[PDB]
Amino acid sequence: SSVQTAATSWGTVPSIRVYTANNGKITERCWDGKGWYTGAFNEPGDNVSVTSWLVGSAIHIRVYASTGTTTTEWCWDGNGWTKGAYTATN
Amino acid sequence: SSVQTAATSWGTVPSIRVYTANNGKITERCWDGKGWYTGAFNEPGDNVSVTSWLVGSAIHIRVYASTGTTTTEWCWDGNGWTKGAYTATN
Amino acid sequence: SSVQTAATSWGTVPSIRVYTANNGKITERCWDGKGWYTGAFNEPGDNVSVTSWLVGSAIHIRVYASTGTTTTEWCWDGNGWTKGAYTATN
Ligand SMILES: O=S(=O)(O)c1cc2c(O)c(c1)Cc1cc(S(=O)(=O)O)cc(c1O)Cc1cc(S(=O)(=O)O)cc(c1O)Cc1cc(S(=O)(=O)O)cc(c1O)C2
Ligand SMILES: O=S(=O)(O)c1cc2c(O)c(c1)Cc1cc(S(=O)(=O)O)cc(c1O)Cc1cc(S(=O)(=O)O)cc(c1O)Cc1cc(S(=O)(=O)O)cc(c1O)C2
Ligand SMILES: O=S(=O)(O)c1cc2c(O)c(c1)Cc1cc(S(=O)(=O)O)cc(c1O)Cc1cc(S(=O)(=O)O)cc(c1O)Cc1cc(S(=O)(=O)O)cc(c1O)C2
Ligand SMILES: O=S(=O)(O)c1cc2c(O)c(c1)Cc1cc(S(=O)(=O)O)cc(c1O)Cc1cc(S(=O)(=O)O)cc(c1O)Cc1cc(S(=O)(=O)O)cc(c1O)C2
Ligand SMILES: O=S(=O)(O)c1cc2c(O)c(c1)Cc1cc(S(=O)(=O)O)cc(c1O)Cc1cc(S(=O)(=O)O)cc(c1O)Cc1cc(S(=O)(=O)O)cc(c1O)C2
Ligand SMILES: O=S(=O)(O)c1cc2c(O)c(c1)Cc1cc(S(=O)(=O)O)cc(c1O)Cc1cc(S(=O)(=O)O)cc(c1O)Cc1cc(S(=O)(=O)O)cc(c1O)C2
């Protein structure tokens with residue numbers, strides 16, 4: 001099956017995160033200037049989007065993972081991934 | 001199919017906009033720091049992408065809504081959604 | 001079937017790049033404030049995502065083009081599109 005990706009980046013440095021949806025799972029590949037590695041993010045979804053923003057030098061990431069009509073938001077705010085408040089009535 | 005999303009964010013609060021394509025309909029959910037609400041954007045499209053940029057504190061959003069080989073650009077520039085000049089020969 | 005797009009933008013003009021996956025080919029439309037034109041980017045893919053960042057006034061673009069389970073990264077750093085180091089085990 002044909003993977004679907006989403007990407008975000010930050011910093012003059014920079015850092016890149018690439019999310020791939022495949023077989024109902026979204027996984028994460030990371031670049032911080034020194035090679036690609038597998039990130040901590042591992043959550044269910046058939047579809048993925050992402051956005052991120054800096055507050056000073058602190059990154060905040062939001063990943064929108066969708067299966068069927070249900071989209072779940074995942075939040076990185078410096079200390080692990082947690083489910084966000086996002087809802088929609090799809 | 002699953003729903004398909006696209007996300008953008010700006011500032012440090014931040015503001016977030018999440019666009020969802022659901023069986024050919026695109027809708028918008030918005031966060032400005034207190035809670036999610038349904039945004040004004042509601043247009044047809046089977047696929048969606050988005051980008052945004054600030055000019056000072058003024059946000060500009062471009063949503064690319066695709067049905068078949070026709071992509072329609074939708075523009076937010078402070079005063080409602082308008083069709084943009086984007087064309088492609090798909 | 002519908003085409004699938006990805007978009008990025010930078011600066012305050014702004015510059016915008018829209019990537020469209022259509023029948024296994026990804027092409028690029030560009031805006032730099034003065035009309036849409038067809039960009040140099042032409043690579044295979046059924047799925048596309050993009051991110052970009054500025055270093056001063058120099059843009060850096062990364063396009064993730066997927067065919068089946070294989071994602072290829074393409075890099076713009078001011079001298080044409082080049083192969084990126086991205087890998088994944090999908
Ligand atoms: O990688 S290929 O593009 O050459 C390829 C295409 C198809 C294939 O069946 C395979 C490879 C073999 C294959 C690969 C994988 S995967 O490496 O994990 O992606 C999985 C499977 C498989 O037969 C099993 C499978 C899973 C799913 S899933 O429910 O989405 O996870 C769907 C399918 C599967 O065969 C159906 C399917 C979808 C697609 S599509 O490209 O997504 O439309 C192509 C092919 C398919 O068989 C047609
Ligand atoms: O993709 S690359 O081939 O360019 C690459 C090569 C090396 C790298 O260190 C990395 C990428 C970054 C990297 C990625 C990963 S991943 O998450 O699995 O993708 C993991 C690591 C890492 O540095 C951490 C790591 C783990 C282990 S383990 O304890 O055995 O699991 C060993 C190593 C690690 O760096 C050593 C290592 C092995 C290898 S090898 O492929 O096994 O020869 C290459 C490189 C190495 O630094 C040299
Ligand atoms: O839910 S299933 O995994 O069993 C499933 C997978 C595929 C299917 O084609 C169907 C079911 C049948 C089917 C279901 C629906 S739905 O009930 O509304 O979900 C819709 C369709 C369909 O053929 C028609 C359709 C719509 C769209 S959409 O307009 O973008 O929503 C896309 C597709 C459709 O076939 C393409 C498609 C996407 C996907 S994906 O998992 O979302 O990438 C899987 C399958 C697809 O045929 C492959
Ligand atoms: O690839 S997509 O994810 O966009 C997709 C969306 C839909 C789908 O039903 C399919 C794929 C499956 C599918 C694929 C193809 S193929 O790429 O050519 O193999 C063809 C069809 C189909 O259902 C048949 C078909 C053709 C056409 S037309 O040639 O443009 O007239 C229209 C439709 C078809 O089902 C109706 C249709 C339109 C649209 S759209 O919103 O108008 O783009 C989305 C989906 C549709 O099923 C919903
Ligand atoms: O060459 S020009 O000085 O006439 C020029 C200035 C600007 C422009 O937007 C363009 C040309 C159009 C243009 C062309 C191309 S090309 O097809 O490859 O020739 C590429 C771009 C572009 O905007 C994309 C682009 C590239 C780069 S760079 O590759 O890192 O040099 C920087 C920028 C781009 O938009 C940002 C930028 C900086 C500057 S600055 O004067 O350096 O601050 C002026 C203009 C800019 O668009 C403002
Ligand atoms: O245009 S083509 O797709 O036909 C093409 C094929 C090959 C080529 O060598 C090139 C183009 C030229 C070329 C382009 C670039 S780019 O500017 O970055 O796009 C880079 C290179 C290059 O030869 C250098 C290079 C990179 C790598 S990488 O490690 O995978 O990034 C591998 C090679 C390179 O020469 C060896 C190589 C691999 C492959 S393969 O497709 O990976 O099997 C094809 C060709 C190769 O020369 C054979």
# chains A, B, ... in the order shown; residues from 1 in each chain; ligands from 1
call {"tool": "residues_around", "arguments": {"residues": "residue 57 (chain A)", "least_positions_apart": "2", "cutoff": "12 Å", "atoms": "only C-alpha atoms", "output": "number ranges by chain"}}
result
A: 10-15, 53-55, 59-60, 77-78; B: 12
call {"tool": "residues_around", "arguments": {"residues": "residue 23 (chain B)", "least_positions_apart": "4", "cutoff": "9 Å", "atoms": "only C-alpha atoms", "output": "PyMOL selection string"}}
result
chain B and resi 1-3+45-46
call {"tool": "residues_around", "arguments": {"residues": "residue 22 (chain A)", "least_positions_apart": "2", "cutoff": "12 Å", "atoms": "only C-alpha atoms", "output": "PDB file with N, CA, C and O atoms, in the first residue's frame"}}
result
ATOM      1  N   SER A   1       0.853  -1.206   0.000  1.00  0.00           N
ATOM      2  CA  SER A   1       0.000   0.000   0.000  1.00  0.00           C
ATOM      3  C   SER A   1       0.878   1.242   0.000  1.00  0.00           C
ATOM      4  O   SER A   1       2.001   1.155   0.581  1.00  0.00           O
ATOM      5  N   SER A   2       0.432   2.312  -0.566  1.00  0.00           N
ATOM      6  CA  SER A   2       1.121   3.596  -0.907  1.00  0.00           C
ATOM      7  C   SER A   2       1.174   4.483   0.337  1.00  0.00           C
ATOM      8  O   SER A   2       0.131   4.844   0.871  1.00  0.00           O
ATOM      9  N   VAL A   3       2.376   4.761   0.810  1.00  0.00           N
ATOM     10  CA  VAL A   3       2.490   5.506   2.036  1.00  0.00           C
ATOM     11  C   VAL A   3       2.074   6.949   1.760  1.00  0.00           C
ATOM     12  O   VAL A   3       2.082   7.421   0.620  1.00  0.00           O
ATOM     13  N   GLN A   4       1.742   7.646   2.841  1.00  0.00           N
ATOM     14  CA  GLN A   4       1.371   9.067   2.796  1.00  0.00           C
ATOM     15  C   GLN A   4       2.228   9.778   3.843  1.00  0.00           C
ATOM     16  O   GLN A   4       2.344   9.277   4.966  1.00  0.00           O
ATOM     17  N   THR A   5       2.830  10.919   3.492  1.00  0.00           N
ATOM     18  CA  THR A   5       3.737  11.578   4.431  1.00  0.00           C
ATOM     19  C   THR A   5       3.282  13.012   4.734  1.00  0.00           C
ATOM     20  O   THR A   5       2.488  13.623   4.006  1.00  0.00           O
ATOM     21  N   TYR A  19       6.592  12.355   9.003  1.00  0.00           N
ATOM     22  CA  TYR A  19       5.622  11.378   9.488  1.00  0.00           C
ATOM     23  C   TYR A  19       5.130  10.564   8.292  1.00  0.00           C
ATOM     24  O   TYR A  19       4.799  11.146   7.258  1.00  0.00           O
ATOM     25  N   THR A  20       5.089   9.240   8.444  1.00  0.00           N
ATOM     26  CA  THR A  20       4.623   8.358   7.394  1.00  0.00           C
ATOM     27  C   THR A  20       3.472   7.481   7.890  1.00  0.00           C
ATOM     28  O   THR A  20       3.638   6.762   8.899  1.00  0.00           O
ATOM     29  N   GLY A  24      -2.142   1.673   8.592  1.00  0.00           N
ATOM     30  CA  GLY A  24      -2.858   2.099   9.795  1.00  0.00           C
ATOM     31  C   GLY A  24      -1.954   2.611  10.906  1.00  0.00           C
ATOM     32  O   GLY A  24      -2.480   2.895  11.968  1.00  0.00           O
ATOM     33  N   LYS A  25      -0.640   2.708  10.690  1.00  0.00           N
ATOM     34  CA  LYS A  25       0.317   3.196  11.673  1.00  0.00           C
ATOM     35  C   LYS A  25       1.062   4.386  11.117  1.00  0.00           C
ATOM     36  O   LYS A  25       1.466   4.394   9.960  1.00  0.00           O
ATOM     37  N   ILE A  26       1.252   5.405  11.963  1.00  0.00           N
ATOM     38  CA  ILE A  26       2.087   6.554  11.623  1.00  0.00           C
ATOM     39  C   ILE A  26       3.365   6.476  12.459  1.00  0.00           C
ATOM     40  O   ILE A  26       3.307   6.383  13.685  1.00  0.00           O
ATOM     41  N   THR A  27       4.502   6.594  11.779  1.00  0.00           N
ATOM     42  CA  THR A  27       5.811   6.593  12.397  1.00  0.00           C
ATOM     43  C   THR A  27       6.561   7.853  11.961  1.00  0.00           C
ATOM     44  O   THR A  27       6.091   8.583  11.074  1.00  0.00           O
ATOM     45  N   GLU A  28       7.700   8.075  12.602  1.00  0.00           N
ATOM     46  CA  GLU A  28       8.372   9.365  12.547  1.00  0.00           C
ATOM     47  C   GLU A  28       9.862   9.159  12.287  1.00  0.00           C
ATOM     48  O   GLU A  28      10.505   8.334  12.950  1.00  0.00           O
ATOM     49  N   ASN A  42       4.714   7.116  17.556  1.00  0.00           N
ATOM     50  CA  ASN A  42       4.186   5.897  16.974  1.00  0.00           C
ATOM     51  C   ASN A  42       2.704   5.777  17.351  1.00  0.00           C
ATOM     52  O   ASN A  42       2.390   5.359  18.480  1.00  0.00           O
ATOM     53  N   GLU A  43       1.818   6.167  16.443  1.00  0.00           N
ATOM     54  CA  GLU A  43       0.388   6.228  16.754  1.00  0.00           C
ATOM     55  C   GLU A  43      -0.426   5.760  15.548  1.00  0.00           C
ATOM     56  O   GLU A  43       0.023   5.841  14.409  1.00  0.00           O
ATOM     57  N   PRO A  44      -1.646   5.302  15.800  1.00  0.00           N
ATOM     58  CA  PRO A  44      -2.480   4.835  14.723  1.00  0.00           C
ATOM     59  C   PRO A  44      -2.958   5.964  13.805  1.00  0.00           C
ATOM     60  O   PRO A  44      -3.251   7.062  14.274  1.00  0.00           O
ATOM     61  N   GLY A  45      -3.055   5.671  12.508  1.00  0.00           N
ATOM     62  CA  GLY A  45      -3.658   6.564  11.562  1.00  0.00           C
ATOM     63  C   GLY A  45      -3.469   6.087  10.131  1.00  0.00           C
ATOM     64  O   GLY A  45      -2.465   5.476   9.788  1.00  0.00           O
ATOM     65  N   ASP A  46      -4.476   6.402   9.306  1.00  0.00           N
ATOM     66  CA  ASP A  46      -4.414   6.159   7.879  1.00  0.00           C
ATOM     67  C   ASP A  46      -3.983   7.427   7.130  1.00  0.00           C
ATOM     68  O   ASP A  46      -3.596   7.376   5.956  1.00  0.00           O
ATOM     69  N   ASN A  47      -4.082   8.567   7.808  1.00  0.00           N
ATOM     70  CA  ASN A  47      -3.772   9.855   7.220  1.00  0.00           C
ATOM     71  C   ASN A  47      -3.085  10.715   8.279  1.00  0.00           C
ATOM     72  O   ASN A  47      -3.455  10.631   9.444  1.00  0.00           O
ATOM     73  N   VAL A  48      -2.112  11.523   7.861  1.00  0.00           N
ATOM     74  CA  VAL A  48      -1.361  12.360   8.781  1.00  0.00           C
ATOM     75  C   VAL A  48      -1.137  13.762   8.197  1.00  0.00           C
ATOM     76  O   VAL A  48      -0.867  13.958   7.008  1.00  0.00           O
ATOM     77  N   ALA A  65      -3.745  12.750  13.305  1.00  0.00           N
ATOM     78  CA  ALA A  65      -3.808  11.377  12.852  1.00  0.00           C
ATOM     79  C   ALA A  65      -5.267  10.985  12.616  1.00  0.00           C
ATOM     80  O   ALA A  65      -6.072  11.058  13.554  1.00  0.00           O
ATOM     81  N   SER A  66      -5.618  10.565  11.406  1.00  0.00           N
ATOM     82  CA  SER A  66      -7.025  10.253  11.091  1.00  0.00           C
ATOM     83  C   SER A  66      -7.184   8.791  10.694  1.00  0.00           C
ATOM     84  O   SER A  66      -6.382   8.277   9.929  1.00  0.00           O
ATOM     85  N   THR A  67      -8.217   8.159  11.252  1.00  0.00           N
ATOM     86  CA  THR A  67      -8.671   6.834  10.832  1.00  0.00           C
ATOM     87  C   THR A  67     -10.183   6.919  10.651  1.00  0.00           C
ATOM     88  O   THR A  67     -10.897   7.358  11.556  1.00  0.00           O
TER      89      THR A  67
ATOM     90  N   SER C  66       6.702  10.026  -2.548  1.00  0.00           N
ATOM     91  CA  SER C  66       6.524   8.608  -2.262  1.00  0.00           C
ATOM     92  C   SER C  66       5.859   7.917  -3.452  1.00  0.00           C
ATOM     93  O   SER C  66       4.894   8.420  -4.013  1.00  0.00           O
ATOM     94  N   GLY C  68       4.590   3.882  -3.903  1.00  0.00           N
ATOM     95  CA  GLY C  68       4.434   2.698  -3.079  1.00  0.00           C
ATOM     96  C   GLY C  68       4.900   2.942  -1.653  1.00  0.00           C
ATOM     97  O   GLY C  68       4.434   3.901  -1.027  1.00  0.00           O
ATOM     98  N   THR C  69       5.824   2.132  -1.155  1.00  0.00           N
ATOM     99  CA  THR C  69       6.336   2.272   0.211  1.00  0.00           C
ATOM    100  C   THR C  69       7.657   3.053   0.240  1.00  0.00           C
ATOM    101  O   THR C  69       8.237   3.201   1.300  1.00  0.00           O
ATOM    102  N   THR C  70       8.134   3.559  -0.895  1.00  0.00           N
ATOM    103  CA  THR C  70       9.448   4.187  -0.945  1.00  0.00           C
ATOM    104  C   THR C  70       9.313   5.709  -1.026  1.00  0.00           C
ATOM    105  O   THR C  70       8.754   6.227  -1.975  1.00  0.00           O
ATOM    106  N   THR C  71       9.870   6.372  -0.025  1.00  0.00           N
ATOM    107  CA  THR C  71       9.917   7.825   0.026  1.00  0.00           C
ATOM    108  C   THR C  71      11.315   8.321  -0.353  1.00  0.00           C
ATOM    109  O   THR C  71      12.310   7.899   0.261  1.00  0.00           O
ATOM    110  N   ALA C  88      13.851   5.570   5.037  1.00  0.00           N
ATOM    111  CA  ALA C  88      12.880   4.979   5.947  1.00  0.00           C
ATOM    112  C   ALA C  88      12.741   3.488   5.615  1.00  0.00           C
ATOM    113  O   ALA C  88      13.003   3.075   4.493  1.00  0.00           O
ATOM    114  N   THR C  89      12.354   2.684   6.601  1.00  0.00           N
ATOM    115  CA  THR C  89      12.065   1.277   6.376  1.00  0.00           C
ATOM    116  C   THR C  89      10.546   1.062   6.437  1.00  0.00           C
ATOM    117  O   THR C  89      10.014   0.635   7.468  1.00  0.00           O
ATOM    118  N   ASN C  90       9.859   1.353   5.333  1.00  0.00           N
ATOM    119  CA  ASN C  90       8.396   1.237   5.269  1.00  0.00           C
ATOM    120  C   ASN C  90       8.017  -0.161   4.756  1.00  0.00           C
ATOM    121  O   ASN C  90       6.874  -0.620   4.870  1.00  0.00           O
TER     122      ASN C  90
END
call {"tool": "residues_near_ligand", "arguments": {"ligand": "ligand 6", "cutoff": "8 Å", "atoms": "only C-alpha atoms and all ligand atoms", "output": "PyMOL selection string"}}
result
chain C and resi 74+80-85
call {"tool": "write_last_selection", "arguments": {"atoms": "N, CA and C atoms", "output": "short mmCIF file (atom, residue, chain, number, x, y, z; two decimals), in the first residue's frame"}}
result
data_model
loop_
_atom_site.label_atom_id
_atom_site.label_comp_id
_atom_site.auth_asym_id
_atom_site.auth_seq_id
_atom_site.Cartn_x
_atom_site.Cartn_y
_atom_site.Cartn_z
N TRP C 74 13.90 15.16 -1.86
CA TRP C 74 14.51 16.08 -2.81
C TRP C 74 14.82 17.41 -2.13
N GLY C 80 19.68 24.03 -7.77
CA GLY C 80 18.99 22.92 -8.34
C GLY C 80 18.57 21.94 -7.26
N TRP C 81 17.79 20.99 -7.73
CA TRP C 81 17.25 19.93 -6.89
C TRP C 81 18.24 18.77 -6.82
N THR C 82 18.49 18.30 -5.62
CA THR C 82 19.44 17.21 -5.38
C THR C 82 18.79 16.14 -4.51
N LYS C 83 19.36 14.95 -4.59
CA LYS C 83 18.94 13.82 -3.79
C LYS C 83 19.26 14.04 -2.34
N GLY C 84 18.28 13.87 -1.46
CA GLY C 84 18.55 13.95 -0.03
C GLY C 84 18.93 12.61 0.58
N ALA C 85 19.43 12.68 1.81
CA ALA C 85 19.90 11.50 2.55
C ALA C 85 18.76 10.74 3.23
#
call {"tool": "closest_residue", "arguments": {"among": "C:49, C:38, C:72, C:87", "to": "ligand 2", "atoms": "only C-alpha atoms and all ligand atoms"}}
result
C:87
call {"tool": "closest_residue", "arguments": {"among": "A:21, A:58, A:50, A:7", "to": "chain C", "atoms": "only C-alpha atoms"}}
result
A:7
call {"tool": "residues_near_ligand", "arguments": {"ligand": "ligand 2", "cutoff": "6 Å", "atoms": "only C-alpha atoms and all ligand atoms", "output": "ChimeraX atom specification"}}
result
/A:35-38
call {"tool": "select_by_dssp", "arguments": {"residues": "chain B", "states": "strand (DSSP E or B)", "output": "PyMOL selection string"}}
result
chain B and resi 4-10+15-22+25-31+36-44+47-55+58-67+70-76+81-83
call {"tool": "closest_residue", "arguments": {"among": "C:86, C:9, C:79, C:40", "to": "chain B", "atoms": "only C-alpha atoms"}}
result
C:9
call {"tool": "atom_distance", "arguments": {"atom1": "atom 3 (O, counted along the ligand's line) of ligand 4", "atom2": "CA of residue 76 (chain B)"}}
result
26.3 Å
call {"tool": "closest_residue", "arguments": {"among": "A:39, A:6, A:16, A:33", "to": "chain B", "atoms": "only C-alpha atoms"}}
result
A:6
